[PDB]
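In: Structure, please.
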Amino acid sequence: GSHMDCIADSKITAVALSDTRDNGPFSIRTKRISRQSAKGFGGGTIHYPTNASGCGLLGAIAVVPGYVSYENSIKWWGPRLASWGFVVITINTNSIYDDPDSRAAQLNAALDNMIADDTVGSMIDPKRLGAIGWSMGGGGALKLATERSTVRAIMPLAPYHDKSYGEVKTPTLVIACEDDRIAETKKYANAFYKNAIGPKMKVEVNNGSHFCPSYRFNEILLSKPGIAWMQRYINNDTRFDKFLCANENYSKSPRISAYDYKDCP
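Out: Numbers count the residues shown, from 1 in each chain. Shown next is the protein structure:
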């Protein structure tokens, strides 16, 4: 249960988590936030569940794209996680050329936008937040984690950050791409994972390019660990423990070339 006893045990299955789009236990709606309305980011889409009132207050997650990419690179996380009970904002940045530290600031502003929003703000527990980002946006999520203690979990996807960002103790699920030639894993994802000091898990997608966790590539593959991680650490729902760390043998998947975890779940 943690904060989501409104999800029945019998719905918490690998089959249910391993699905596409808004196939999940809650129905959802969206609200568009314009670029001009957004203070500190380029606008985005808020996704929220419409029949989750039995859950009490909900966790909220901001999701940011990478370099020279727009919201559509990461938008699919919005319906996926909202149908599992989160409020989720998938954003555009001010410029597609903004760097990783700028994307951390824009994730921060997007979290604040949801918390204050006239539609979803009253549904949100502002202490239970999460962040996801691809490429330079994954770097932004790592940086944000060092700065905002109400961010309870992050999921950096093919993360790129080419400057010091500091020590991360936030629960971190790194999705790496084996054959990444932009954010080479030896320099970026593997070092970020090694240096994190809290709960942490890393799934490397076999033969993946830098695009491997973007534009709905590998959607079914990543949905189960991603939803489980966010439920475990944003909502303290240990019913998702069975899909995480030593409890789920991701290294058996022919689509996964490396699997590591520590201090979880």
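
In: how about the helices in the stretch 101-250 of the chain?
Out: With DSSP state H, counting those that start in this stretch as the criterion, the stretch 101-250 of the chain has helices at 136-147, 189-195, 219-234.

In: partners of residue 89 in the sheet?
Out: Beta bridges link residue 89 to residue 46, residue 62 when assigned by DSSP bridges.

In: about what we covered before: got the helices of the stretch 101-250 of the chain as a markdown table, with mean neighbour count columns?
Out: From N, CA and C alone the C-beta is placed, and that goes for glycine too. Below are those laid out as a markdown table (neighbours: other Cβ atoms under 10 Å):
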| stretch | mean neighbour count |
| --- | --- |
| helix 136-147 | 28 |
| helix 189-195 | 18 |
| helix 219-234 | 24 |
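
In: I'd like the ones you listed laid out as TSV, including distance to residue 203.
Out: Shown next, in TSV, are the helices of the stretch 101-250 of the chain (distance: least, Cβ to Cβ, whole Å):
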stretch	distance to residue 203
helix 136-147	13
helix 189-195	10
helix 219-234	6
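
In: Looking at these, which is nearest to residue 3?
Out: Evaluated over the helices of the stretch 101-250 of the chain, closeness to residue 3 peaks at helix 219-234, with 8.1 Å, by Cβ to Cβ.

In: Which of the residues in the helix or strand following that closest one are classified as buried?
Out: Downstream of helix 219-234, the next assigned helix or strand under DSSP states H and E is strand 256-262. Buried residues in strand 256-262, counting neighbours by 16 or more other Cβ atoms under 10 Å, are found at 256-261.

In: Can you pick out the most distant pair from the residues you listed?
Out: So, the buried residues of strand 256-262 by Cβ to Cβ: farthest apart are 257 and 261, at 15.3 Å.
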